[PDB]
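What follows is a single structure, written as structure tokens, with notes after it.
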Amino acid sequence: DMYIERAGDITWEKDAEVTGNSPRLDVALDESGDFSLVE
Amino acid sequence: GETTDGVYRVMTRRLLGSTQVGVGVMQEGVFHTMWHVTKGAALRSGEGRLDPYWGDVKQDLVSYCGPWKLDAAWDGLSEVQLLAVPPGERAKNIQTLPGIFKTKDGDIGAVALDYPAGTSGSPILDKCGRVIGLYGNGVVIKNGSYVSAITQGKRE
Ligand SMILES: O=C(c1csc([C@H]2CCCNC2)n1)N1CC[C@H](c2cccnc2)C1
């Protein structure tokens, strides 16, 4: 069996670590929920 | 049992000791997580039982105790926060500007943040702390980095 355990509140926190680029990718979504890259 | 609002870790004892398989969001008495984490299986909360209510493999989403409740969405302009709950590590807010997943059925926001498989289910939040989607279903791009969609369900 699987079980759940609390990890924290859902709150916006100012002065957080800002990282990660913003790409525009042409993708596809299959019947099985898998995301594919279209080229 | 424990139904207090917030972010939760999804664990198991089927393998070596305790192992984090994913993350979920409790909201309005409904546990929202990604399908690939639980595969539809029931959960235990303290001495309680979380039995599935709605789930969909194409969307990769599953809600326990009730219907999907999270209904906010990225405005296509603002920066957002992945409240990422990593395995073995404490919850951590990471701010970023999401990109786009151009599909034949519409655009979807996407966070370019690489985290271990057990982080799947972690919420993406807007400036008001409103849940705009879950992290954990995406793709691997040309340079090898991982780009996950902002997966959001439908409120009924
Ligand atoms: O998006 C992920 C994922 C999240 S973090 C993660 C790993 C991958 C290696 C580096 N980053 C950590 N993998 N899935 C794709 C395969 C899998 C699935 C299968 C069927 C349907 N939906 C999803 C989960």
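The numbering of chain B matches Swiss-Prot: 1514-1669, in order.
Heads up, header says this was done by X-ray crystallography, 2.2 Å.
Using N, Cα and C of the backbone, Cβ positions are placed for all residues, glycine too.
DSSP assigns B:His1549 (active site, charge relay system) to a helical segment in the three-state reduction. According to Swiss-Prot, the feature active site, charge relay system maps to B:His1549 (among others), an assignment based on sequence analysis.
Spatially close to B:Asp1573 (active site, charge relay system) yet at least six residues away along the chain are B:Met1547, B:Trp1548, B:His1549, B:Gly1649, B:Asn1650, B:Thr1664, judged by Cβ distances under 8 angstroms. The active site, charge relay system annotation in Swiss-Prot covers B:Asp1573 (among others).
Taken from Swiss-Prot, the feature active site, charge relay system covers B:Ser1633 (among others), and the record attributes it to experimental evidence. Here B:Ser1633 (active site, charge relay system) comes close to B:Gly1535, B:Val1536, B:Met1547, B:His1549, B:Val1550, B:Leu1647, B:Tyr1648, B:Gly1649, B:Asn1650: these same-chain residues lie at least six apart in sequence, with C-beta atoms under 8 angstroms from its C-beta. DSSP assigns B:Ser1633 (active site, charge relay system) to coil in the three-state reduction, placing it in neither a helix nor a strand.
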